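Q: Below: the sequence, then the experimentally determined structure.
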Amino acid sequence: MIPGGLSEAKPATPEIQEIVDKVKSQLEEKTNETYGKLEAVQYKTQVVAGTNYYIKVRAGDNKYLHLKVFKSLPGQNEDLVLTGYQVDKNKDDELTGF
């Protein structure tokens, strides 16, 4: 069993692309990623020190990347601080258990 509480995981459109465009800046220079050129097909969400969003987005035609966009409130300073994510995978990029 794994904690977290991934809320859901429905289809994703450019609305997840914003959550994706909001973290791809930090995600770009975090793991030298890039995002933005990927299509988010679905997403989920969790509740912790604020609110995060997990996304099942792909970056080609045989690979997926799960990002972890996180928003706070009690320490706004962070706000949409995607501190978790994964890219270039085709075996452990399922939902959030990636």
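A: Yes, it's here. Numbers count the residues shown, from 1 in each chain.
Q: C-alpha only now, for contacts and for neighbours.
A: Noted.
Q: Identify the residue spatially nearest to the residue nearest in space to the middle of the chain, adjacent ones excluded.
A: In the chain, the residue lying closest to the centroid (Cα atoms, centre = their mean) is residue 67, at 2.3 Å. Using Cα to Cα, 6 or more residues apart in numbering and skipping residues adjacent in sequence, the residue nearest residue 67 is residue 85, 3.6 Å away.
Q: Look up how far residue 6 lies from the one you found.
A: For residue 85, the distance to residue 6 equals 14 Å [Cα to Cα, to the nearest Å].
Q: Could you count how many residues lie near the residue nearest to residue 67?
A: Using other Cα atoms under 10 Å, residue 85 is surrounded by 19 other residues.
Q: Doesn't residue 19 belong to a helix?
A: Yes. Assessed by DSSP: H, G, I helix; E, B strand; the rest coil, residue 19 belongs to a helix.
Q: That one is in contact with residue 71, isn't it?
A: No. The pair residue 19 / residue 71 is not scored as a contact, 10.2 Å apart, by Cα atoms under 8 Å.
Q: Need the residues touching each of these two.
A: Common neighbours of residue 19 and residue 71 (criterion: Cα atoms under 8 Å, 6 or more residues apart in numbering): residue 80.
Q: What residues does residue 56 make contact with?
A: Neighbour list for residue 56: 9, 40-43, 64-67, 93-95 [criterion: Cα under 8 Å, 6+ apart].
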